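Right, one structure below, let's go through it.
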Amino acid sequence: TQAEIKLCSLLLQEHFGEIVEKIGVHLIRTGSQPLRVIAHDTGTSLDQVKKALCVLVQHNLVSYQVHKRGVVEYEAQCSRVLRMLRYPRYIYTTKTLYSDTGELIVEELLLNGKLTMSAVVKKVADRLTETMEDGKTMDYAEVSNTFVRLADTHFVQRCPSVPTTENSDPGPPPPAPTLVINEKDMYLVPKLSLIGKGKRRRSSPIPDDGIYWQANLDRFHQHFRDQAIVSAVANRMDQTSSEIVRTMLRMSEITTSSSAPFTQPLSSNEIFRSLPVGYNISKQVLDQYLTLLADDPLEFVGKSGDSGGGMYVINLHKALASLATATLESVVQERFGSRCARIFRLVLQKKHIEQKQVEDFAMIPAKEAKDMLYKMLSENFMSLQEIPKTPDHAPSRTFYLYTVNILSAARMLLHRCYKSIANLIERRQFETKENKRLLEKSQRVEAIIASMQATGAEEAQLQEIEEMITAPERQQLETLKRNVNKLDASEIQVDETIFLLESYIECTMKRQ
Amino acid sequence: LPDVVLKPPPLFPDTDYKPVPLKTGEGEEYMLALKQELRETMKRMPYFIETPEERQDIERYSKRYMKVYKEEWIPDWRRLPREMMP
Amino acid sequence: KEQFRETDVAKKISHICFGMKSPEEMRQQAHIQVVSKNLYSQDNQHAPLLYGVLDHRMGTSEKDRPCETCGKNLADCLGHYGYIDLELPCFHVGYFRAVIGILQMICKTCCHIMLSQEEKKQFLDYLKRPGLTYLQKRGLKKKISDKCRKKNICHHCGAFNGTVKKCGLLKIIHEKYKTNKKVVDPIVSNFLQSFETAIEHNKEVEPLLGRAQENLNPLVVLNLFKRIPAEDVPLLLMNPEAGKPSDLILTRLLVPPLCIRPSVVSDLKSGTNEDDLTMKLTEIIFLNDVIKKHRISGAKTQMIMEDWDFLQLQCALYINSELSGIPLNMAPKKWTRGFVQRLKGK
Amino acid sequence: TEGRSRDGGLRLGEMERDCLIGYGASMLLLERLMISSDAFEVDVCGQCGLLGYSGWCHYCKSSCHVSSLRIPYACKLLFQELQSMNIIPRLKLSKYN
Amino acid sequence: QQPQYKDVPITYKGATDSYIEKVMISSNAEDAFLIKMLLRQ
Amino acid sequence: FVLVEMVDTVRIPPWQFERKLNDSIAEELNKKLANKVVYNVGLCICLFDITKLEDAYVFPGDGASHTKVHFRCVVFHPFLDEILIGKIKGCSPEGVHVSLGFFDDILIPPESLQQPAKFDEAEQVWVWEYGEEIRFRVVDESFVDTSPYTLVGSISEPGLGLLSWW
Amino acid sequence: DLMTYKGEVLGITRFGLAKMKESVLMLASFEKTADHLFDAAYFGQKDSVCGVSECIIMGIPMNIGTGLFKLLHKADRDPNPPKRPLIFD
Amino acid sequence: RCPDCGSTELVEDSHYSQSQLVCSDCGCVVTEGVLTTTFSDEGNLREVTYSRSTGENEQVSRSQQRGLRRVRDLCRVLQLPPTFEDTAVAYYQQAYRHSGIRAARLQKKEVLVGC
Amino acid sequence: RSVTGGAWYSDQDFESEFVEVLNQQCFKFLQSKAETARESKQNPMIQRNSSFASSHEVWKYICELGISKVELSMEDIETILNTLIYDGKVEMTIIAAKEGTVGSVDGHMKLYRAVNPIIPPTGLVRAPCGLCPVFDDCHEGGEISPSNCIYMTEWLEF
Ligand code: SF4
Ligand SMILES: [Zn+2]
Ligand SMILES: [Zn+2]
Ligand SMILES: [Zn+2]
Ligand SMILES: [Zn+2]
């Protein structure tokens, strides 16, 4: 996981600093270790180690556990560090499904990790004060309503809270508070009757103490998987089937967990009743849609029962496998061409196949199909079974058949995407640091204008800013800006493929 | 029999295929705007702990005028183990 | 005015650290990329080819021709290494036992080791003791390897991880689908029934359907090692700063300077006496060119795998000219001096 | 060289080294087996622990940590041969004090 | 095109003086002249 | 002007054993750090004093006397706000070449911060009128050897009035 | 006492010699060069220069013999010389 | 030449088992010591020719191989020294460079070997 | 026909132009048929049934076109459509047809329809790092570095 460690190092250096990213990389590479050996291996001061650990545990990036002799062991979560790159997508989906209030709520929850309801509503009010104008003021009622609406939809979840120390062995306290979590109050909100109005940042007792919240990345991942499969079935059959599957997934969100081979049994009657009234579709047309989706060669849904009229079930693992197959064939087509993509789909459909059979079924002349096979084998996309006639396994007396292992292919593709995002971040930082002189020049020539904007604003300071030597260099600044924008967009785009690959990898894990 | 090459392959071999143009729309524009805003606003937060400057030259009268003063967040020591108190 | 730079320090060596270099560091260490399978040029005055073997940019071997990299004579030049890129990776004959050990340690699906969290923490605390010696390290490696080989079911993902053994020479095979005398498993049956096309187009698949385990070519084992978590690296008894597991499978070859490969221009005839390592590297480059030509021309997979195995055994002989499982058909004609032969001996 | 006709010198075999060790003559052994036989001066970089030339490290592309060092030429040949075998001896230098 | 001759003379490597008793010159079928000197001490 | 704690290894040859060690050490340190610039420190002037002097070892090699000496030496390094008095030892159209009196010609003030009456027409014209004061701004260091200076810094010229010289 | 100091009678053979010694250089120079060298490279076992074998190989004076102690020159000096006082500080 | 005086009268003289360059005017050496190969390594190293270290001797057709083997057996049945064989194979390789000669019948190659 | 002959193995030379033209024409015909079925909008079942096209139907359509001189048998068009399936652009379903205008398979008949891809190109293929052939040699500090990358420079200049 060298690429993962490098990406985590770059992200931590960009987001939190240098003295903390070293501790983070050490925790990721060496696993769980006590604070003493961490400070010994890192070679820095103890106070900086403590500050790094506290700022990491604040954002729920690392955790601590107790062991023999009461020693505390701190372990980092590389997956949690990788997930923080997906924050803009979380903010976008919470701004799409909700108003901008929930957007700011999730933004503050991600930028602070652990906070109380009063704190987050106060921060949202203070940030929205400058957004609106006309002297009016907002209250905490609508913010609390948006918060509880995010809570019941499981987008936000209460952080693991330390139990009552007075009732749990009142006396000598352990070195670690031993934070635990309860599923009862996981999405419950205690009543906060206090209200107020946010201040406009003029620059001129806690009822919800002990209760901290955080964005539930599991809900965001489930929602993104639902959106992906909806877009897939929309590109496949029609938008009507996409709406049907969106309604059934919305119904299944609550009654199912995040990891299950199939969803709960849903009948066509309740799906029709819960269907939005914007579509003038009858029950027979819905039954036809369901029975044609059941006959799909992709097997996204399944019957799995006949009671209750039309009983149907969806296949989460099969849908994720189909999405991974689509991603793999798309990247193969974009990397090697359409003919190599055809060869890949051929060798993927058939479990095992021979070179002459590949050329016959793919209809490609010699000296090219074998070249594509070799180019695809050199990139760890296929594997040779190599069934031997003799235990000597001599190449002259054995067969060779190509076979695509989707698991290893997805793993290597995820590694390639990680290294690609790392290289993009490195290139962005390089372009930023190589032009830091022009950046400081632009900053000073624009701060000459930023100062005395209103008080003491003479017009004689407007015809000399562009007179500097930075004027012929503005094209370089524009190129740097557009390059940074394109790099960020490419990283965010590869983030969706990373999420798809990670979901396909995790769905087949049983953790047994 | 393969012929002998008098020049090693270039450091950047050319490929006839090019990257697909990036997706456009209000979505990607909002992505860029939000990512830049986060990158900007996260550096001044107290969570972003910069390296402590050292080898301070001298103390001057205008130090209090240029002293970098920022609000310091107090971590909840009830949730944090006792081994991190400064 | 003038920056202060230290002239000379009485430096002494404290200790030697052994390890290996990644392909990137190995490329960075080298200077030029030798791609020509030839030594000298077509001109009559025995001029060595540029970007080829015996190039003077990698040191010098003659008292008259100086080094091109450093402008010094033979008595002053120290030599320079070179890197040779290979189309297909090859198993390192020296670390092949270590490769088999690591493959027995880690899983073939989730890249994790076959060790429980309790035993993981136990071995971590046992290794954290200061002053760990060579014998203690080898004993700990033996104990952990035995405890991992005792288990067969993956504690991380659950996939079956059967025994792994060396078949033939420089070939490793993982027996995932082992022969089960008791009630059979569904996974092995689903695997065996997936050969319908091979059975239809070839009857010999039916008698040879058994013992068709997973042969781990250098590509697959390299891709598996590239995804090893760094947390499990200290548990493999290998130092992380010394090297990485993916560095065990080699993709490049380090051609040594001319100082290790003396050339004697025998003016009595038209010839230059070169060491055996130069001929081995020439044969390796020739095999690389041949396999590239075969990949371009689209030959059969049998010929490709034969060339791959031949390149692997040639690299092994270049490292160690004397092995055990050398087949008699592909045995060397004359005895050569490999690195191991040049190291040991009277 | 070895042979007398090739102007070869005498060889300090294993038993001679054993006798010199038994006598405890550290400086005599150092002068015989290192200074007067295969003495050479190489350049080692204290950062990467590799061998340099003319006070320059091609690996790190720098020359600040490069320092000269006396060494038997056979030891340098051994180090080069081991590096060729992908077995890199990383030499961590230190002050003589 | 013109032949370039470099000198490779046979030298007497001896700590003490020597006297030449006889010099024999022969010619084989390969047109290679063989010259032998009998140094006497 | 500021003191710097330097710990250096000094090798005194045996033919200087008749001399006092506390004098030969100072002489060798002054000869080793004369008109030189320590990286990220500044131009060192001379040895100020010697704090600690441990035992004098003799190595089995060269045989000279090696001593690890702790000392304090003076270096020139402003605090980014110090006022200096330099003399104009030349001037270029892009910046005046003012050199500190007999100390170092490393101060190159850019002509882009005073009031808009700055122009050097290559006739040794310092500044178009409406013992020169100098305000250091930022230090800068670099290396020299890159194949088998380093302290110039910028200068500020604010509206100091300059009643004595324009 | 040498062959019976680890609590077990260890022979002068390569096995007992490897069990009692730690220096990789002498273990490789004795016998079984390739296997020991590759194992040491895999383990990354750093080898010091305490042994006489590596002292002879690396070209440094051995610890045994005259190289055990160190010599100090009796130079006329004054430890901790008088320091010039600070006026401004 | 001399580094100090500039005299170019440097003479090679055999010292006591040592080769060096010294000027006859000031007796100063400019280059001492010479590196020569040992017979212990000479018998180990294999000689390589430019006829093989350039890719040649592999573009030898079966017909050219037959022709050179015919030259060899023809010069061997006559009981000729190996120098005659070397000169004959050199002449054959030189004459085979023409396009009109390489594209011919077996009778032509045989009479060419004879000539 | 296997050892010698064939519509594409003419004179021991592969006919790539003919098979490419046939694939393009079949894809265009299937796309037009699917577009007509979509624009019909009478019923989803009838839309699907009309979007499907039989091998006999497309074979007769190609015969009406008459681009290739050699006779194209039923198995030839079947292999053409199988290659189109392997390209990922069409879908085939085997229905139970006892007897009709096809009569190829006993009690079965293959219907083919043009189908859109599952998902658009991913974000990885939109970056030079994902399509680089020397991606393995990518190092931070070295000869091949992301800082001095030529692929990234050309892609940003586009
Ligand atoms: S050279 Fe640039 S584009 Fe190519 S793999 Fe490396 S970082 Fe990616
Ligand atoms: Zn050199
Ligand atoms: Zn596993
Ligand atoms: Zn270095
Ligand atoms: Zn002279």
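Chain labels follow the order of the structure tokens: the first chain is A, the next B, and so on; residue numbering restarts at 1 in every chain, and ligands are counted from 1 in their shown order.
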
Show me which residues line ligand 4, defined as having an atom within 8 Å of a ligand atom where only C-alpha atoms and all ligand atoms count, and present them as a PyMOL selection string. chain D and resi 44-50+52+57-63+65-66

Within-6 Å residues of ligand 2, basis only C-alpha atoms and all ligand atoms, as a VMD selection string: chain C and resid 58 to 59 67 69 to 70 77 to 80

Filtered DSSP result for chain I, state strand (DSSP E), as an MDAnalysis selection string: chainID I and resid 9:10 13:14 53:54 90:95 109:114

Using only C-alpha atoms, which of the listed residues (F:55, F:104, F:94, F:140) sits closest to chain C? F:104

Non-local contacts of residue 81 of chain B (8 Å; only C-alpha atoms; under 5 positions in same chain excluded) as an MDAnalysis selection string: chainID A and resid 175:177

Can I get the selected residues back with N, CA and C atoms, as a JSON list (two decimals), in the first residue's frame?
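Below is the file out.json, written as the result:
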[["chain", "number", "residue", "atom", "x", "y", "z"],
["A", 175, "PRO", "N", -6.32, 5.30, 32.23],
["A", 175, "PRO", "CA", -5.63, 6.26, 31.36],
["A", 175, "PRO", "C", -6.44, 6.68, 30.15],
["A", 176, "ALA", "N", -7.30, 5.80, 29.63],
["A", 176, "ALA", "CA", -8.15, 6.12, 28.50],
["A", 176, "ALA", "C", -9.62, 6.11, 28.92],
["A", 177, "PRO", "N", -10.42, 7.06, 28.44],
["A", 177, "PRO", "CA", -11.84, 7.11, 28.84],
["A", 177, "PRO", "C", -12.67, 5.96, 28.29]]

What residues in chain G have any atom no more than 12 Å from chain C when counting only C-alpha atoms, and can you write them as a PyMOL selection string? chain G and resi 15-25+27-51+54-55+57-61

Would you name the residues within 9 Å of ligand 3, counting only C-alpha atoms and all ligand atoms, and put them as a VMD selection string? chain C and resid 106 to 114 153 to 161

Neighbours of ligand 1 within 10 Å, counting only C-alpha atoms and all ligand atoms, as an NGL selection string? (:A and (416 or 419-427)) or (:B and (11-13)) or (:I and (127-140 or 143-153 or 155))

Store the residues picked out above in a file with N, CA and C atoms, as an mmCIF file, in the first residue's frame.
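File written: again28.cif
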data_model
loop_
_atom_site.group_PDB
_atom_site.id
_atom_site.type_symbol
_atom_site.label_atom_id
_atom_site.label_comp_id
_atom_site.auth_asym_id
_atom_site.auth_seq_id
_atom_site.Cartn_x
_atom_site.Cartn_y
_atom_site.Cartn_z
ATOM 1 N N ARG A 416 -3.635 1.949 -9.194
ATOM 2 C CA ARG A 416 -3.268 2.887 -10.248
ATOM 3 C C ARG A 416 -3.973 4.225 -10.066
ATOM 4 N N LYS A 419 -2.224 6.091 -7.194
ATOM 5 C CA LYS A 419 -0.961 6.678 -7.632
ATOM 6 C C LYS A 419 -1.195 7.836 -8.597
ATOM 7 N N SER A 420 -2.253 7.755 -9.407
ATOM 8 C CA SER A 420 -2.574 8.841 -10.328
ATOM 9 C C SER A 420 -2.981 10.100 -9.574
ATOM 10 N N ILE A 421 -3.836 9.958 -8.561
ATOM 11 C CA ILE A 421 -4.238 11.120 -7.771
ATOM 12 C C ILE A 421 -3.045 11.680 -7.007
ATOM 13 N N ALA A 422 -2.165 10.800 -6.517
ATOM 14 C CA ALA A 422 -0.951 11.269 -5.855
ATOM 15 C C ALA A 422 -0.078 12.075 -6.809
ATOM 16 N N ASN A 423 0.088 11.589 -8.041
ATOM 17 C CA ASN A 423 0.885 12.313 -9.026
ATOM 18 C C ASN A 423 0.240 13.643 -9.393
ATOM 19 N N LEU A 424 -1.092 13.680 -9.469
ATOM 20 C CA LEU A 424 -1.779 14.931 -9.774
ATOM 21 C C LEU A 424 -1.583 15.949 -8.657
ATOM 22 N N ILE A 425 -1.690 15.503 -7.402
ATOM 23 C CA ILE A 425 -1.458 16.400 -6.272
ATOM 24 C C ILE A 425 -0.014 16.888 -6.269
ATOM 25 N N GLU A 426 0.929 15.996 -6.585
ATOM 26 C CA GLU A 426 2.333 16.390 -6.640
ATOM 27 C C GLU A 426 2.572 17.426 -7.730
ATOM 28 N N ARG A 427 1.961 17.237 -8.902
ATOM 29 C CA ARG A 427 2.114 18.204 -9.986
ATOM 30 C C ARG A 427 1.486 19.543 -9.621
ATOM 31 N N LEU B 11 12.163 9.009 -23.094
ATOM 32 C CA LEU B 11 11.640 8.991 -21.732
ATOM 33 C C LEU B 11 10.120 9.074 -21.711
ATOM 34 N N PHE B 12 9.515 9.598 -22.776
ATOM 35 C CA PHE B 12 8.064 9.745 -22.879
ATOM 36 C C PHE B 12 7.617 9.204 -24.230
ATOM 37 N N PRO B 13 7.364 7.899 -24.323
ATOM 38 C CA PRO B 13 6.891 7.334 -25.593
ATOM 39 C C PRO B 13 5.488 7.817 -25.923
ATOM 40 N N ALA I 127 -7.362 11.252 -17.319
ATOM 41 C CA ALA I 127 -6.102 11.728 -16.780
ATOM 42 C C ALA I 127 -4.946 11.044 -17.495
ATOM 43 N N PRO I 128 -3.864 11.774 -17.780
ATOM 44 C CA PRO I 128 -2.722 11.143 -18.467
ATOM 45 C C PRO I 128 -2.056 10.049 -17.651
ATOM 46 N N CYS I 129 -2.187 10.093 -16.323
ATOM 47 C CA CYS I 129 -1.535 9.094 -15.482
ATOM 48 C C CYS I 129 -2.173 7.720 -15.639
ATOM 49 N N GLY I 130 -3.466 7.672 -15.963
ATOM 50 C CA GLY I 130 -4.152 6.399 -16.094
ATOM 51 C C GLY I 130 -3.898 5.685 -17.404
ATOM 52 N N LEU I 131 -3.467 6.411 -18.436
ATOM 53 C CA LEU I 131 -3.207 5.826 -19.747
ATOM 54 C C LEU I 131 -1.729 5.844 -20.114
ATOM 55 N N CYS I 132 -0.844 6.058 -19.148
ATOM 56 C CA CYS I 132 0.577 6.139 -19.451
ATOM 57 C C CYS I 132 1.161 4.740 -19.631
ATOM 58 N N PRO I 133 1.989 4.513 -20.656
ATOM 59 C CA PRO I 133 2.613 3.192 -20.817
ATOM 60 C C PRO I 133 3.820 2.965 -19.922
ATOM 61 N N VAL I 134 4.424 4.025 -19.385
ATOM 62 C CA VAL I 134 5.600 3.901 -18.530
ATOM 63 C C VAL I 134 5.191 4.302 -17.115
ATOM 64 N N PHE I 135 3.908 4.096 -16.801
ATOM 65 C CA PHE I 135 3.365 4.474 -15.499
ATOM 66 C C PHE I 135 4.102 3.790 -14.353
ATOM 67 N N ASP I 136 4.644 2.595 -14.597
ATOM 68 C CA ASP I 136 5.335 1.870 -13.535
ATOM 69 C C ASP I 136 6.608 2.583 -13.093
ATOM 70 N N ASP I 137 7.284 3.274 -14.010
ATOM 71 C CA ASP I 137 8.529 3.961 -13.692
ATOM 72 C C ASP I 137 8.316 5.348 -13.096
ATOM 73 N N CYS I 138 7.081 5.707 -12.747
ATOM 74 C CA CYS I 138 6.800 7.018 -12.175
ATOM 75 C C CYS I 138 7.364 7.147 -10.764
ATOM 76 N N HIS I 139 8.309 8.064 -10.574
ATOM 77 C CA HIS I 139 8.886 8.343 -9.266
ATOM 78 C C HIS I 139 8.829 9.839 -8.991
ATOM 79 N N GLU I 140 8.820 10.194 -7.705
ATOM 80 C CA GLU I 140 8.778 11.601 -7.319
ATOM 81 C C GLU I 140 10.025 12.336 -7.799
ATOM 82 N N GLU I 143 14.201 10.608 -13.209
ATOM 83 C CA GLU I 143 14.114 10.953 -14.624
ATOM 84 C C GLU I 143 12.667 11.154 -15.055
ATOM 85 N N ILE I 144 11.779 10.250 -14.654
ATOM 86 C CA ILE I 144 10.362 10.322 -14.987
ATOM 87 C C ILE I 144 9.638 10.798 -13.734
ATOM 88 N N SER I 145 9.340 12.093 -13.681
ATOM 89 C CA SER I 145 8.690 12.705 -12.535
ATOM 90 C C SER I 145 7.404 13.401 -12.963
ATOM 91 N N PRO I 146 6.383 13.418 -12.102
ATOM 92 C CA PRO I 146 5.157 14.157 -12.446
ATOM 93 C C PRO I 146 5.376 15.651 -12.595
ATOM 94 N N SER I 147 6.443 16.192 -12.002
ATOM 95 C CA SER I 147 6.709 17.622 -12.118
ATOM 96 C C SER I 147 7.110 17.997 -13.539
ATOM 97 N N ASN I 148 8.049 17.256 -14.127
ATOM 98 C CA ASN I 148 8.503 17.504 -15.490
ATOM 99 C C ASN I 148 7.839 16.577 -16.502
ATOM 100 N N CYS I 149 6.590 16.190 -16.266
ATOM 101 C CA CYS I 149 5.890 15.287 -17.171
ATOM 102 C C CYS I 149 5.541 16.004 -18.468
ATOM 103 N N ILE I 150 5.756 15.325 -19.597
ATOM 104 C CA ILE I 150 5.379 15.895 -20.887
ATOM 105 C C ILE I 150 3.917 15.596 -21.197
ATOM 106 N N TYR I 151 3.418 14.434 -20.767
ATOM 107 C CA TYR I 151 2.016 14.099 -20.985
ATOM 108 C C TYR I 151 1.101 15.103 -20.295
ATOM 109 N N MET I 152 1.383 15.407 -19.025
ATOM 110 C CA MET I 152 0.578 16.386 -18.303
ATOM 111 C C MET I 152 0.666 17.765 -18.941
ATOM 112 N N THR I 153 1.852 18.156 -19.412
ATOM 113 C CA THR I 153 2.009 19.457 -20.054
ATOM 114 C C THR I 153 1.165 19.545 -21.322
ATOM 115 N N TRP I 155 -1.421 17.717 -22.113
ATOM 116 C CA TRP I 155 -2.836 17.617 -21.772
ATOM 117 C C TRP I 155 -3.379 18.907 -21.169
#

Using the chain letters and numbers from this document, which residues of chain H does DSSP assign to alpha helix (DSSP H), as a PyMOL selection string? chain H and resi 39-42+62-77+82-95+99-102+106-114

Could you please select, counting only C-alpha atoms, the residues of chain C within 9 Å of chain H and state them as a count of residues only? 28

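Where the distance criterion is 7 Å and the atoms used are only C-alpha atoms and all ligand atoms, the residues close to ligand 5 are residues 2, 3, 4, 5, 7, 23, 25, 26, 27 and 28 of chain H.
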
What does the file look like for those residues with N, CA and C atoms, as a tab-separated table (two decimals), in the first residue's frame?
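This is the output file out.tsv:
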chain	number	residue	atom	x	y	z
H	2	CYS	N	57.48	17.73	-19.56
H	2	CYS	CA	57.82	18.11	-18.19
H	2	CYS	C	56.82	19.13	-17.68
H	3	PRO	N	56.24	18.93	-16.49
H	3	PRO	CA	55.26	19.91	-15.99
H	3	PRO	C	55.88	21.23	-15.56
H	4	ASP	N	57.14	21.22	-15.13
H	4	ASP	CA	57.78	22.43	-14.63
H	4	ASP	C	58.57	23.14	-15.73
H	5	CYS	N	59.55	22.45	-16.32
H	5	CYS	CA	60.41	23.08	-17.32
H	5	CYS	C	59.84	23.01	-18.73
H	7	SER	N	60.19	20.39	-20.83
H	7	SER	CA	60.98	19.55	-21.72
H	7	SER	C	60.18	18.31	-22.11
H	23	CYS	N	61.59	12.22	-17.34
H	23	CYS	CA	62.35	13.12	-18.21
H	23	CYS	C	63.84	12.99	-17.92
H	25	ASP	N	66.07	15.27	-18.31
H	25	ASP	CA	66.71	16.52	-17.92
H	25	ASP	C	66.65	16.74	-16.41
H	26	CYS	N	65.45	16.69	-15.82
H	26	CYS	CA	65.28	16.93	-14.40
H	26	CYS	C	65.01	15.66	-13.60
H	27	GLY	N	64.87	14.51	-14.26
H	27	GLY	CA	64.62	13.27	-13.56
H	27	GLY	C	63.28	13.18	-12.88
H	28	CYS	N	62.30	13.98	-13.31
H	28	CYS	CA	60.97	13.96	-12.73
H	28	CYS	C	60.05	13.05	-13.52
